[PDB]
Amino acid sequence: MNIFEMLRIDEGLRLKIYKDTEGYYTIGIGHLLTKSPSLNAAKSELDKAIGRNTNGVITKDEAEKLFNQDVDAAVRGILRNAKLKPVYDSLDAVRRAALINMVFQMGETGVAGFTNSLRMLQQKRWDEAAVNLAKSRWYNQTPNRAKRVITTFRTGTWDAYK
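Here the deposited numbering is used: position 45 in the sequence shown is 45, and no number is missing along the way.
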């Protein structure tokens, strides 16, 4: 297991434009295209992202390329954020993956907003952090995924993805 397989499990793979859990146009392995309700706007974002006229359909190779870019972006977002970087640096590799997963799903700004959870994680108060993380719109809207990510923070193992 690793962050790529972890996110493939959580996000799946769809080669045509779909809507994510919030109703936003998305493609591939959880690649958000736009928050606009316009499919045409989403298609324009897709073409720009892939570098060709796609008409809403991509190949697996293309989906994987976007995915690699998006994981990279999540990691750099963490490292450039003054709230996220010290927490990330304090964590072991498995729990670092849990933090990347969160940023992949909700963005740097969103995760950086988990101020109290982040503090508990830096203090290595795992059970307390797990309870605090679940007191969130995140957990209430995507509870099974959030439970997997929280279990990863709580235990420092990949047990929730086996």
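Even for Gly, the Cβ is constructed at its ideal location relative to N, Cα and C.
Where the beta strand (DSSP E) through residue i begins and ends
i: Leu15; result: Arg14 to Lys19
i: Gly28; result: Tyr25 to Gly28
Residue i vs residue j beta-carbon contact at 8 angstroms
i: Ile27; j: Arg8; result: no
i: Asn144; j: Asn132; result: no
i: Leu118; j: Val87; result: yes
i: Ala49; j: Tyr25; result: no
i: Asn53; j: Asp47; result: yes
i: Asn81; j: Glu45; result: no
i: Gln141; j: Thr21; result: yes
For residue i, the nearest candidate out of the options (CA to CA)
i: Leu91; options: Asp47, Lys16 and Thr157; result: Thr157
i: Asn55; options: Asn40, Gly12, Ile100 and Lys65; result: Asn40
i: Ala98; options: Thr34, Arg148, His31 and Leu46; result: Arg148
i: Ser136; options: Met1, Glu128 and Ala146; result: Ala146
i: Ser38; options: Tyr139, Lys19 and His31; result: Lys19
i: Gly113; options: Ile17, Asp159, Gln123 and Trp138; result: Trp138
i: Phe4; options: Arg96, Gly77, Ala134 and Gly23; result: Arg96
i: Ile17; options: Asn2, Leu79 and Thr59; result: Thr59
Cβ shell of residue i (< 7 angstroms), same chain only, five flanking positions each side left out
i: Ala130; result: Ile150, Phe153 and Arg154
Counted within 10 angstroms of its Cβ, other Cβ atoms place residue i as buried (16 or more) or exposed
i: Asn101; result: buried
i: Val103; result: buried
i: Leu84; result: buried
i: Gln105; result: buried
i: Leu33; result: buried
Cβ neighbours of residue i in the same chain (closer than 8 angstroms, five flanking residues each side left out)
i: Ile29; result: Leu7, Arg8, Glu11, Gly12, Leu13, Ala63, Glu64, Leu66, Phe67 and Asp70
Residue interval of the alpha helix (DSSP H) (run including residue i)
i: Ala73; result: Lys60 to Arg80
i: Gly113; result: Taken as a continuous stretch (DSSP letters only), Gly113 belongs to no alpha helix (DSSP H), as it is neither H nor E.
i: residue 181; result: Since the first residue shown for the chain is 1 and the last is 162, residue 181 is missing from the structure and cannot be characterised.
i: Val131; result: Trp126 to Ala134
i: residue 176; result: Since the displayed the chain opens at 1 and closes at 162, residue 176 lies outside it and no answer follows.
i: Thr152; result: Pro143 to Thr155
i: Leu33; result: Unbroken run through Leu33: none, as it is neither H nor E.
i: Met1; result: Here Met1 belongs to no alpha helix (DSSP H), and DSSP marks it neither H nor E.
Neighbourhood of residue i by C-beta distance below 6 angstroms, restricted to the same chain and skipping five residues each side
i: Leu121; result: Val87 and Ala129
i: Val111; result: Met102 and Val103
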